[PDB]
Every structure is written in C-alpha cells, then in structure tokens.
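K.L.:
Residue numbers (this note's numbering), protein chains in the order written: chain Y, 5 to 111; chain Z, 25 to 127; chain P, 3 to 80; chain D, 9 to 88; chain A, 30 to 125; chain W, 30 to 125; chain X, 61 to 153; chain V, 2 to 91. The beta carbon of each residue, even a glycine, is placed where N, CA and C say it ideally should be.
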Amino acid sequence: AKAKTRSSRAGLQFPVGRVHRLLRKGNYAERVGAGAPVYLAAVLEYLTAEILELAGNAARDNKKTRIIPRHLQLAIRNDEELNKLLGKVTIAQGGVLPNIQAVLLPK
Amino acid sequence: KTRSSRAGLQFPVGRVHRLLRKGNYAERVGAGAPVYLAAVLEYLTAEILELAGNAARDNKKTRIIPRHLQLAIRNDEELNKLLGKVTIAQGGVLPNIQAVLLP
Amino acid sequence: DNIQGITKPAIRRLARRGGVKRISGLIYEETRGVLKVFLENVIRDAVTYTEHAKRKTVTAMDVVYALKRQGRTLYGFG
Amino acid sequence: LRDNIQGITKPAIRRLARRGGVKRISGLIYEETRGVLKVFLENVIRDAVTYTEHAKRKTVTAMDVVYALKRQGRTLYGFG
Amino acid sequence: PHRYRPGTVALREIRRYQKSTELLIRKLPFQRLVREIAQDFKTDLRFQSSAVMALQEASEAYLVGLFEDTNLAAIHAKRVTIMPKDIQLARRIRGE
Amino acid sequence: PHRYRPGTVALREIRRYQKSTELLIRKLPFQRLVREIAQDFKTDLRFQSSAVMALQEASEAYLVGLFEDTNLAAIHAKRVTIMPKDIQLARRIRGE
Amino acid sequence: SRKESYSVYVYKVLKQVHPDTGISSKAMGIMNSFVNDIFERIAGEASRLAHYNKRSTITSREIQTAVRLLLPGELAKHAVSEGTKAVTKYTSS
Amino acid sequence: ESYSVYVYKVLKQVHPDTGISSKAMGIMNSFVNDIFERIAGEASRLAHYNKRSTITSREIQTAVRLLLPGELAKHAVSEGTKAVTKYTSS
DNA sequence: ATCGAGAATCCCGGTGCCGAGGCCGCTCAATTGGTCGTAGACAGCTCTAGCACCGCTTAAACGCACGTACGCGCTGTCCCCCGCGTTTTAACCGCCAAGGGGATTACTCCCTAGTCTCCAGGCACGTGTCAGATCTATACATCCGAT
DNA sequence: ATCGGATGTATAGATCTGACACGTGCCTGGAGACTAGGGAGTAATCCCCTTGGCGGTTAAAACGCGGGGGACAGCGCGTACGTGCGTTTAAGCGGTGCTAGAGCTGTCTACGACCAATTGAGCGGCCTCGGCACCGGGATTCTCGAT
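(1) Evaluate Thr50/P with the Cβ neighbour count: other Cβ atoms within 10 Å of its Cβ, from every protein chain shown; 16 or more gives buried, anything less gives exposed.
(2) Using the beta-carbon of each residue, which ones in chain X are nearer than 9 angstroms to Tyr77/P?
(3) How many Å lie between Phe96/W and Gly28/D at the Cα?
(4) Excluding the five sequence neighbours on either side, which residues of its own chain have a C-beta within less than 6 angstroms of the C-beta of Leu103/Z, listed in chain order?
(5) Kindly indicate the opening and closing residues of the alpha helix (DSSP H) around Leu76/Y.
(6) By DSSP, does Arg32/D sit in helix, in strand, or in coil?
(7) Would a check of beta-carbon distances place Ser58/V closer than 8 angstroms to chain Z?
(8) Compare the C-beta of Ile122/W with all C-beta atoms of chain A and state if any pair is closer than 8 angstroms.
(9) Let me know if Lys52/V comes out buried or exposed under the rule of 16 or more other beta-carbons within 10 Å of its beta-carbon.
(10) Are the Cβ atoms of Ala67/A and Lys107/W separated by less than 8 angstroms?
(11) Scan the region 50 to 84 of chain W for residues whose Cβ lies nearer than 7 angstroms to a Cβ of chain Y and list them as they occur along the chain.
(12) Using the Cα positions of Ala12/P and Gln85/A, report the straight-line distance between them to the nearest angstrom.
(13) With a CB to CB cut of under 7 angstroms and the five nearest residues on each side skipped, what residues in its chain are close to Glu122/X?
(14) Mind checking whether the beta-carbon of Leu43/Z lies closer than 7 angstroms to any heavy atom of the ligand COA?
(15) Between the region 98 to 116 of chain Z and chain P, which residues of the former have CB atoms less than 9 angstroms from a CB of the latter, in chain order?
(16) Check whether the Cβ atoms of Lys149/X and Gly91/Y sit closer than 8 angstroms, and answer yes or no.
(17) Compare the C-beta of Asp55/D with all C-beta atoms of chain V and state if any pair is closer than 8 angstroms.
(18) Can you tell which of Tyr4/V, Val33/V and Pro17/V has its C-alpha closest to the C-alpha of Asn78/Z?
(19) Per DSSP, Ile72/Z is paired with what?
(20) With a CB to CB cut of under 6 angstroms and the five nearest residues on each side skipped, what residues in its chain are close to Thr52/P?
(21) Answer with yes or no whether the minimum CB distance from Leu67/V to chain D is below 8 angstroms.
(22) Run through DSSP, which three-state label would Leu109/Y get?
(23) When you compare only the Cα positions, how much space is there between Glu142/X and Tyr50/Y?
(24) Identify the continuous beta strand (DSSP E) that holds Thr75/P and give its terminal residues.
(25) Quick check: the Cα distance between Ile95/Y and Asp3/P, rounded to an integer number of angstroms?
(26) Using C-beta distances below 8 angstroms, list every residue in its chain close to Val85/V, excluding the 5 sequence neighbours before and after it, in chain order.
(27) For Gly20/V, list the residues DSSP reports as bridge partners.
(28) Given a threshold of 16 other Cβ atoms within 10 Å of its Cβ, counted over all protein chains shown, does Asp115/W qualify as buried or as exposed?
(29) Does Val109/W come within less than 8 angstroms of chain Y when only Cβ atoms are used?
(30) Mind listing the chain W neighbours of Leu101/A? Cutoff is C-beta to C-beta under 9 angstroms, in chain order.
(31) Is the region 37 to 48 of chain D touching the region 65 to 77 of chain V, taking contact as three or more C-beta pairs under 8 angstroms?
(32) Return the residue from the list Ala7/Y, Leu108/Y and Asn31/Y that minimises the CA-CA distance to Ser116/X.
(33) Cα-Cα, which of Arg45/Z, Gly115/Z and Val64/Z is closest to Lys48/A?
(34) Return no unless some Cβ of chain P is closer than 8 angstroms to the Cβ of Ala39/A.
(35) For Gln122/Z and chain A, any beta-carbon pair shorter than 8 angstroms?
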C-alpha cells in the first residue's frame with residue numbers, strides 16, 4: 005500500500021499530520037478527532053494565501069519581486085479584516101501606514 | 025488527615041489538585057503545586073474580604089454586598105491593577121467628580 | 003425599532019454616573035449607535051456559543067463567556 | 009551605568025514623533041517621552057527577566073522578550 | 030418661584046448615581062432591543078432572564094466607562110459640554 | 030539665503046520617516062539603557078543581541094502608536110503642537 | 061537539532077498565489093510567527109469550547125466554532141467554507 | 002461545587018463579626034475561579050516553554066510573579082512557600 | 001493669479017555582492033494496518049422555566065417655556081519652537097581575543113500516575129430569626145435672592 | 001460680606017420580612033498504602049556567541065541665532081441646553097396557563113488512543129547566480145521670494 009499523505013487526501017498544502025501532532029502534544033484535550041487537523045490546516049492555508057496575495061500585490065506596486073516585512077505590514081494594515089485580526093500585533097521592520105492628518109497639511 | 029489542614033490552609037488542597045488534573049494544563053502535576061496555589065488563593069481572598077469588611081464597616085453595615093467589594097477593589101492601588109478588566113455586577117462605580125465641574 | 007427604548011433620560015443618567023455635567027443634543031444618537039454596536043458584538047458571540055452547544059436558549063454562561071472573550075470579564079453570574 | 013535615559017536624545021524622539029505624524033513638538037515632550045519609554049521598558053524587562061530566571065538561565069534570550077511582550081498584549085512578530 | 034442655577038441640579042444626581050447601584054435603564058426596552066438584535070443571528074431564540082441581566086450589566090458598565098473617557102476628552106478641549114466628537118476620540122484612542 | 034518656512038520641513042520629515050522602516054534610535058544608547066534597567070532585577074545579566082533588537086522594535090512601535098494618539102488628542106484640542114497633557118490624556122484613555 | 065517550521069508550506073502557497081514572486085528570510089519568519097499565533101489562538105479557543113460543553117475531544121465542529129469566533133466578518137465565512145471543503149474531500153478520500 | 006464555605010471560613014478569620022451576601026458570595030466564587038484559571042494557564046505555558054511536562058511549585062511561583070502586581074505578589078509568594086514548607090514537613 | 005531661482009526627490013544607467021533558491025544526502029516522523037475500550041449519539045422521560053396574556057398603579061418619559069452660561073469665533077501679544085549653520089562627540093564598523101554558559105548526552109532515582117479500600121467534608125434540604133429595606137417625623141447643610 | 005427662606009438630604013425610630021446563618025442526612029470525592037516506570041535532577045563536555053578592548057570615519061547630536069506663527073488670554077454674541085411644570089404612556093408588578101426545551105438516564109456502535117513495521121517528506125549543508133543596493137548624473141518637481 006503506497007503511503008498517501010493526509011494533506012494530499014484533503015487537497016491541502018499545509019501538513020495534516022504535523023497539525024495533528026501539535027494538537028495531540030499541545031495539552032488541548034484528552035482526545036483529538038480525525039477531521040480537526042484537516043479543518044485547521046485548511047483554515048491556516050486559507051489565511052496564509054490571503055495575506056500572501058496582498059503582500060505580493062504590495063511588492064509588485066513597489067517594483068519589487070521579493071516580499072519584505074514592509075509589504076506584509078502594508079498588506080495587513082490596508083485590509084480592514086486583516087487589520088482587525090492583527091490589531092494587537094507588532095511586525096518587525098514593518099514601519100507604519102503613511103497617514104498625515106488633514107489639519108497638519110498646508111493651508 | 026486532610027492536606028489543607030496538613031498545610032495550615034483553609035482552601036481545599038485536594039480540590040485544587042483535582043482541578044489542576046482535569047484542566048488539561050499539563051500531563052503531570054506536582055504535589056506541592058496545589059498547596060502553593062491554594063495558599064495564593066487564600067491570601068488573595070483574605071485581602072479582598074478584609075478590605076470589603078472595612079468598606080462595610082465604613083458604611084455602617086454588618087454584611088458585605090457587591091458595592092463593598094467594588095469599593096474595596098477600586099480603592100486599592102494594586103487590587104484595581106489586578107482586576108482592571110473586570111466588571112462587578114451591582115458593584116456600582118467609585119464616586120468622583122472632576123474639579124473643573126465644581127462651582 | 004426598539005433602539006428608541008434607550009430614552010434620553012436613561013442616557014443622561016448613565017452620563018451622570020459617568021460624571022458628566024452637560025450633554026449636547028447629539029450625544030443621545032451616538033450613544034445608541036455605540037450601544038447597538040457593543041450589543042451586536044456581544045450577542046454574536048453569545049449566539050455562537052449557544053449554537054455550538056446545540057441549544058435554543060441563550061444561557062447566562064454564554065454571555066459570560068462572550069464577555070470574557072472581548073476582555074470585558076464580568077463577575078456575578080458564573 | 010548612569011543616566012543612559014539621556015541616550016534617547018531629542019532628535020530620536022523627534023524622529024519617532026515624525027513617523028507617528030506629529031508636526032510640531034513642545035519642549036516638555038522629550039522628558040515625558042523618556043519617562044513613558046522608561047516605564048514601558050521596566051514593565052517588559054521585568055517579565056523577560058522573570059522568564060529568564062525560571063529557565064535557570066543567565067542570558068535573556070529573544071524568546072523571553074517575545075513571551076514578555078505577548079503577556080502584555082503586544083505580540084511581536086519576527087524574532088522567534 | 031424658587032429656581033436653581035443651571036448646573037446645581039446637574040452636579041446633584043451625579044453624586045446620587047455615583048452612590049446608587051441601580052440599572053439606570055428600564056428592563057423591558059433593553060430586553061426588546063436584545064431580542065431584536067439577536068433575531069438577526071438566529072430566529073426563534075430564547076433568552077434566560079439572567080442572561081439578559083448580564084447583558085444589561087455589561088452594557089451599563091461599558092457605557093459608563095465610555096462616558097468617563099468622553100468627559101476626560103471634553104475637559105481636555107477646555108470644555109464642559111460633551112459633544113459626539115469627544116465620544117469618537119475616546120473610542121478611537123481606546124482602539125474601538 | 031534660502032530658508033524654508035517652518036511648516037514644510039516638518040512635513041518632509043513626516044513623509045520620509047513614514048516611508049522607511051529604520052530604527053530611528055541609536056543601538057548603543059538603547060542597549061546601555063536596557064542593561065541599566067535590567068541591573069535592578071538581576072546583577073551580571075547577559076543579553077542576547079536578538080533580545081535587545083526585539084526590545085527596541087517593540088519600544089519604538091509603542092512610542093509611535095503613543096505619538097499617533099497624542100497627535101489625535103492635540104488636534105482634538107484644536108491645536109497643532111503636542112504637549113505632555115496630550116500624552117497624559119492618551120495614556121489615561123488607553124488604560125495606563 | 062532539527063528545527064521545524066512552516067517555511068516550505070508558505071513557500072508552496074506563494075508559488076500558487078504569486079508564481080514568480082519570492083520572499084525574504086525575515087518575511088518568512090514573520091509568516092511563521094503568524095501561523096504559530098493563529099494556530100495557538102484557534103486551538104486554545106477550541107480547547108475552551110470542548111471544556112465548556114464537558115466534552116473530552118476536539119472535533120471539526122470545535123475548530124469551526126473557534127474559527128467563527130476568532131476570525132471577523134467575511135474572512136470567517138471563507139475560512140469555514142475552505143475547512144468544510146477540505147474535511148469533505150478528506151472523508152471522500 | 003463552589004468555594005462558598007472556604008470564603009466564609011476566611012471571612013470569619015479576618016472579620017469574625019460580619020457576614021456576606023449571596024451575590025457577594027457568587028462574585029467571590031467568580032474571582033477565585035478567574036484567578037485560579039489565570040495562574041494555572043500561565044503555569045501551563047511556563048511548563049510548555051521550558052519543555053517540561055510537570056507543573057510544580059516553581060511554575061506556580063513564577064506565574065504568581067508574572068500575574069500579580071508588585072507588592073501584592075511579594076506577600077503571595079511569601080504565603081505560598083510557607084504552605085509548602087508546612088506541607089513538606091508533615 | 002503668475003515667474004523664476006534654489007533645493008529635493010525620482011528615474012536611467014552602470015557595477016557589485018550576498019542572500020534566496022535549487023539540490024543532494026540522510027534521517028525520524030508521518031503512514032498503514034490492526035485491536036480495544038469508552039465517549040458520545042441517540043431514544044426516552046421529566047419538570048421547569050421561558051413565553052404569552054391581562055388588569056391595575058403610578059413612576060417615568062415627553063413636551064413646552066424660559067433664562068443663562070457656555071461654546072465659538074474674532075483679535076491682539078509674545079514667546080517658543082523651527083530652520084539653518086557650525087562645532088563636538090560618540091555611534092558605528094571592522095578586527096581581535098578570552099571565556100561563560102547554553103545546548104547536548106548518559107545515568108539514575110525518586111516523584112507522580114494508577115488502583116483499591118475506606119471514611120468524613122461538603123452539598124442538598126429544612127428552618128428559626130434579626131439586618132436591613134421602607135416609612136414617618138424632626139433637624140439642619142446648602143443654595144440663591146436681595147441688602 | 002451677610003441674612004433669611006426654602007429646598008434636599010441627615011438622623012432617629014419603629015415595623016415587618018425574607019434572605020442568611022445554622023443544624024441533618026448522606027454520598028461521593030478526597031485520604032491512605034502500595035507499585036511501576038519514566039521525567040527530571042545531576043555530571044560532564046563541547047563550542048558558540050557574548051563581552052571586553054582598540055582604532056579610525058564620519059554621521060549625528062549639541063549649541064547658538066534669527067524670526068514668524070501658533071498657543072493663549074480676553075470679549076462678545078447667540079443659541080443650545082439646563083430646570084421645572086403639566087400631560088401622557090408604558091414599565092413594573094402581581095397573578096394565570098402552557099409547553100419548548102434543558103437536563104438526566106440507559107444502550108451501544110463507532111471512533112480515537114495505542115503499538116509495531118515501513119519508508120518517503122522535510123531538514124541540514126553546499127554552490128550559484130540575479131534581485132536589490134550603491135553611486136553618478138540628469139530631469140522633473142516642490143517651495144518660496146517676488147510682482
């Protein structure tokens with residue numbers, strides 16, 4: 005019997021066995037169901053893809069082919085939902101979103 | 025025979041040990057951890073109750089109500105820090121007025 | 003249309019307990035909006051907890067857990 | 009060491025204000041900023057040192073600082 | 030013909046509601062508002078009386094704290110009357 | 030001679046220091062201050078360079094957010110300059 | 061000692077999202093910190109959900125409710141749809 | 002299951018001539034549960050961080066130093082070790 | 001509403017370099033395949049509390065007038081912060097060296113999970129009773145209009 | 001300033017009453033004894049990464065000097081918001097039924113923990129080049145003195 009990874013059986017790219025192992029040895033519950041690692045890996049993959057889409061768009065807007073922490077910070081702070089998700093998070097070497105109050109602008 | 029009496033405490037060492045086991049905190053729990061945690065809980069409870077009883081006496085009452093607990097928590101510098109994000113039901117609020125609004 | 007049930011004197015009493023001496027006329031609508039947003043945020047989580055428990059009533063512990071979730075821990079109900 | 013809080017110079021506080029979007033800065037802002045930064049630093053470093061002692065280590069690692077920040081609700085990304 | 034100077038009776042009732050520990054909002058309108066809000070999430074939904082009471086306690090506590098921050102922002106702008114801009118500033122600084 | 034008016038050079042700094050992501054605080058003074066502060070809790074402490082880097086990043090992010098809230102309070106007070114009382118109000122509302 | 065990370069997995073996701081875009085080591089470490097933070101958040105909320113209902117296991121229903129609690133708005137709807145699709149495909153082999 | 006009898010026993014130790022209402026008793030139970038869960042969660046994270054699998058008095062001590070404010074922590078640790086000191090001897 | 005000089009920033013081009021990426025070897029953790037025990041899924045029952053209804057009472061909300069004091073705009077003043085040039089000064093980078101302690105492994109021993117037996121500490125359950133909520137009368141702290 | 005009158009709390013004193021503290025039965029969760037095994041304490045070792053020192057460049061910080069523009073004080077207008085009285089309304093309260101569903105009980109089947117092979121995905125170390133940084137040079141743009 006050829007070994008077929010659970011991620012391939014679920015169509016995911018994140019590991020299902022690793023997430024299952026972390027759930028089992030994370031002291032979360034006495035038992036862990038079969039579909040919980042699949043669901044959690046799918047959710048984590050979705051969130052990762054969602055951030056990487058906007059980060060790549062921001063990198064392309066700066067004529068850059070690589071993603072740096074500035075692009076991740078711009079992507080997260082420009083999207084309302086991601087900014088709400090990570091409102092209490094500091095990103096190393098991310099800077100701040102360029103916002104100047106209208107009062108401070110020249111008369 | 026009781027572990028709480030053996031440790032000179034009033035909170036139940038055995039119950040705290042059981043709750044530490046059931047809580048999925050760790051695979052194993054040391055013998056002295058429930059004793060230590062029961063002692064900490066007893067000290068904190070005694071502090072709350074002492075300040076609340078002082079508030080009740082200052083209000084000329086011989087029974088502690090949630091208002092007295094709220095007064096005790098908010099009038100202490102460190103207990104207010106510990107319970108900064110905590111709402112006491114029927115506890116009210118600390119009476120204060122900004123000095124500029126006074127005539 | 004029960005948001006009007008939070009009357010002007012009720013908001014004035016809340017401001018009085020908050021130490022507010024004078025209240026502008028537009029405070030009473032902003033307060034209703036803020037209260038609606040807060041109640042929506044709390045009740046969404048409360049209903050989520052109720053649905054997960056396969057229940058059709060919102061118990062007080064659901065509201066307690068929802069409030070503890072948002073950082074607004076509440077003592078007195080469990 | 010002696011009075012290294014003065015190492016957070018007035019130009020540095022000005023640059024931090026500029027990044028925050030501040031146009032004009034008073035003269036008393038610098039001392040207040042030094043005090044606030046000092047208080048925040050002691051609050052974080054106390055927890056970091058506590059984590060270091062609990063590990064029976066004499067070195068304050070970056071993961072200790074990350075845990076100390078997460079304990080206070082900061083949740084620094086990057087390091088570790 | 031006895032009339033109090035404006036602000037005297039307003040400084041009164043401040044001490045009264047700092048000292049008192051009642052709910053300050055009628056129970057039935059709040060319960061109806063809670064039910065109307067909840068019906069958007071799940072229809073035919075029941076509430077325990079204690080659940081609505083807990084919701085009310087949380088709502089009054091949050092609103093009172095918000096009004097204290099609003100008052101702080103109002104005096105900050107060299108004022109006594111609170112305007113909705115003070116509420117907006119307090120909510121923005123609070124992170125809400 | 031050519032002298033820019035006081036408004037504009039401050040605005041150029043705002044744009045310059047918002048576009049980039051450098052530290053803006055010198056490494057050695059901040060590290061020395063960190064070790065000074067840590068002397069109170071444990072003598073003869075060893076610091077990992079990544080730990081000092083993380084401390085600097087977190088401290089500067091906190092200060093930038095505090096300065097944003099301070100500028101908001103200053104504008105709310107119908108002002109442009111920030112004063113200590115602005116920072117004090119920002120910290121009061123934030124819960125510190 | 062062999063250290064584990066989500067670097068290869070994030071890199072695979074990036075090659076199917078932006079096929080010709082790279083990522084620096086600092087940004088990859090930030091993404092690993094993100095994944096760890098969200099994993100711990102969701103798993104802790106699922107553990108709390110299992111404890112509240114006197115349950116001894118964490119199933120896909122607990123993870124679903126934890127996602128609907130942590131994630132806001134439309135992000136939660138899409139994450140729930142993706143998770144349900146993955147679990148259905150897994151149960152259909 | 003609650004801490005009502007223990008809170009009342011402590012109240013008679015500190016205020017022998019005062020009582021407590023039922024709602025204040027419930028608030029005290031909520032306070033005890035909240036503090037218990039906070040300290041136990043921090044102890045579990047301390048055990049996880051250092052690759053240990055046992056929660057000992059050292060983890061509870063570090064969690065108390067982390068959660069409680071300064072002076073209020075100093076007495077609490079002073080209490081806790083004392084109890085262990087009494088518990089180990091007998 | 002325009003013109004022009006001076007300073008700032010952006011883009012095009014050439015050059016360099018070191019960090020992301022592909023790749024190979026090698027593990028050890030994920031996979032497969034079985035069993036076993038118990039967790040919760042589900043049908044059944046109970047009983048309780050959530051919901052709806054209705055009449056009465058009266059406390060609270062709403063509306064309308066009126067005065068006043070506070071928000072807001074305007075104007076003058078002065079002082080203090082910003083821009084700029086010049087002179088320290090120590091941050092920074094590169095190199096070198098010593099050693100403390102942070103990771104590792106090996107061994108062992110004792111501390112905790114687990115099980116059986118036994119008992120008493122605490123939780124329903126009931127009940128007397130006084131701490132306090134309410135009411136009513138007298139007393140005086142306070143506020144506001146003349147004086 | 002100062003007095004008097006008229007409100008709105010203090011203060012004392014009964015008067016119920018219903019939660020609160022105190023007994024009772026019991027039962028189930030804690031205590032005591034004893035065993036197995038593996039998690040953590042303890043020793044020893046390696047090397048890396050932390051600390052200390054030194055020297056040279058120069059970017060940044062400190063200091064001092066205009067100067068204008070912004071904070072702040074002072075006035076006046078007017079309007080919005082308090083205070084209060086009369087009127088309306090619906091909340092609060094007290095009873096009632098009624099039944100939806102929350103909680104508890106008793107099978108029983110499926111599903112997750114567990115253990116022994118088995119091996120392929122993922123990590124560590126190694127070139128390897130190209131994407132981004134650095135440095136000139138020119139064009140374009142922004143600002144501010146001027147009309």
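P.N.:
On the basis of the supplied data:
(1) Taking a 10 Å sphere around the C-beta of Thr50/P, we find 16 or more other C-beta atoms and assign the residue as buried.
(2) Here the premise fails: no neighbours, minimum Cβ distance about 18 angstroms.
(3) Computed Cα separation, rounded: 5 angstroms.
(4) For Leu103/Z, the CB contacts under 6 angstroms within the same chain, skipping 5 residues up- and downstream, are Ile97 in chain order.
(5) It spans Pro73 to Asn82 - the alpha helix (DSSP H) in which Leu76/Y sits, taken as one unbroken run.
(6) It is a strand residue.
(7) The Cβ of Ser58/V sits closer than 8 angstroms to at least one Cβ of chain Z.
(8) Yes - at least one Cβ of chain A is within 8 angstroms of the one on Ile122/W.
(9) Flag for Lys52/V reads exposed.
(10) Pairing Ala67/A with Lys107/W gives a Cβ-Cβ distance that is not under 8 angstroms.
(11) Residues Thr50.
(12) Each residue's Cα considered, the two are about 13 angstroms apart.
(13) Here the set comprises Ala106, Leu109 and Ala110.
(14) The ligand COA is absent from the structure shown, which contains no ligands of any kind.
(15) Per Cβ criterion, the list reads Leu107, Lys109, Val110, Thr111, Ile112, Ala113, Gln114, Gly115 and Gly116.
(16) No, they are not a contact pair.
(17) Flagged as an interface residue toward chain V: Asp55/D, by a C-beta distance shorter than 8 angstroms.
(18) Among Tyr4/V, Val33/V and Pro17/V, the Cα nearest to that of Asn78/Z belongs to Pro17/V.
(19) The partner list for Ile72/Z (beta bridge, DSSP) is empty, contrary to what the question assumes.
(20) Only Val60 and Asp64 meet the Cβ criterion.
(21) Residue contact with chain D for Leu67/V: present (Cβ-Cβ distance below 8 angstroms to some residue of chain D).
(22) When secondary structure is reduced to three states using DSSP, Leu109/Y falls in the coil class, being assigned neither helix nor strand.
(23) Using only the alpha carbons, I get a separation of about 7 angstroms.
(24) For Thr75/P, the enclosing beta strand (DSSP E) covers residues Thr75 to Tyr77.
(25) Between the alpha carbons of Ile95/Y and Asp3/P lies a distance of about 43 angstroms.
(26) Excluding sequence neighbours, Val85/V sits near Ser58.
(27) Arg87/Z.
(28) With 16 or more other Cβ atoms inside 10 Å of its own Cβ, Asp115/W counts as buried.
(29) Taking a beta-carbon distance threshold of 8 angstroms, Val109/W counts as an interface residue toward chain Y.
(30) Listed along chain W are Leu118, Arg121 and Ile122, each with a C-beta nearer than 9 angstroms to that of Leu101/A.
(31) With a cut-off of 8 angstroms, the region 65 to 77 of chain V and the region 37 to 48 of chain D do not count as touching, because too few Cβ pairs lie within range.
(32) Across the set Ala7/Y, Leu108/Y and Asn31/Y, the C-alpha of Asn31/Y shows the shortest separation from the C-alpha of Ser116/X.
(33) Of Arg45/Z, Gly115/Z and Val64/Z, the smallest CA-CA separation from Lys48/A is found for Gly115/Z.
(34) Chain P places a beta carbon closer than 8 angstroms to that of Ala39/A, counting this residue as a contact.
(35) Yes, contact with chain A.
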